[PDB]
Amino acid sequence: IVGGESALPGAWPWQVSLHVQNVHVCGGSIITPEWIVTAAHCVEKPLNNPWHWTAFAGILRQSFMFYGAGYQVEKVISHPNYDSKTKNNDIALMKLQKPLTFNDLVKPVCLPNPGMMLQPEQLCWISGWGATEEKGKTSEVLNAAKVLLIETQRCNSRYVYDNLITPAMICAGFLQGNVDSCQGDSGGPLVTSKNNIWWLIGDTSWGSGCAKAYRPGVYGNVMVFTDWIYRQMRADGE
């Protein structure tokens, strides 16, 4: 996260850190004790297999995520229509081998319903352990920032992303830059508060550079994937 602030304990209790080879690679969001939403790009081959992955919940600092205390991932499911070239349909699910214990520091975010009626520039939050500057190292501390949704028509303008923003994508941030997601935050949440509920609007996906002007963050449009999520969760074990 560029231009954010250290997260407080229990502010973002759905945020997980997803590790491979004992280091943070990606973020994700808890939706049930066993299911995490993340980005398909995170789990491209050669990291498609669950064995690579552990999840850390309820812990703000990377140095307190101890080898052996993560939750092992049992299943990885990438969206069937994910396209690595365009990053279209950039969403994946991870299922944990053992369910998480919810408490004040670990709890789920709500999946977005059709008909949320968000404002065109709805105030949202992003969180993660991404770099705090373009080309930076992983953040030791979980950060968060306020971002606004950017209307798709604006984001698709010639001076921004010039027709690259599909219906499965939403833009957020600031066209002046300075506050944005960055490498390491991908897979993590874009959330908003409505009706006293926090909703998972997006999963951090891509953008050109980080925190550059006219190059905002692009997020998977979780609304369009909810029915796929339901169907995957229902199929599991059946």
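Definition used throughout: the rigid core is the maximal C-alpha set that superposes within 1.5 Å between two forms. Numbers follow the displayed sequence, beginning with 1.
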Which of 101-109 and 67-75 lies farther, on average, from the shown form in 8 other deposited structures of this protein once the rigid core is superposed (C-alpha RMS)? 67-75
Going by the mean C-alpha B-factor recorded in the entry, which is higher: 168-176 or 63-71? 63-71
Using only C-alpha atoms and the B-factors in the entry, which stretch averages higher, 207-215 or 190-198? 207-215
Reading the B-factor column of the entry, which of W125, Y82, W129, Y159 has the highest value at its C-alpha atom? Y159
Among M117, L148, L111, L142, which carries the highest Cα B-factor? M117
Ranked against its chain, the third holding the CA B-factor of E133: highest
Third of chain Cα B-factors occupied by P46: highest
Splitting the chain's C-alpha B-factors into thirds, which one does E121 fall into? middle
Going by the entry, which third of its chain does the Cα temperature factor of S17 land in? lowest
Sort the modelled residues of this chain by their C-alpha B factor and say whether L96 lands in the lowest, middle or highest third. lowest
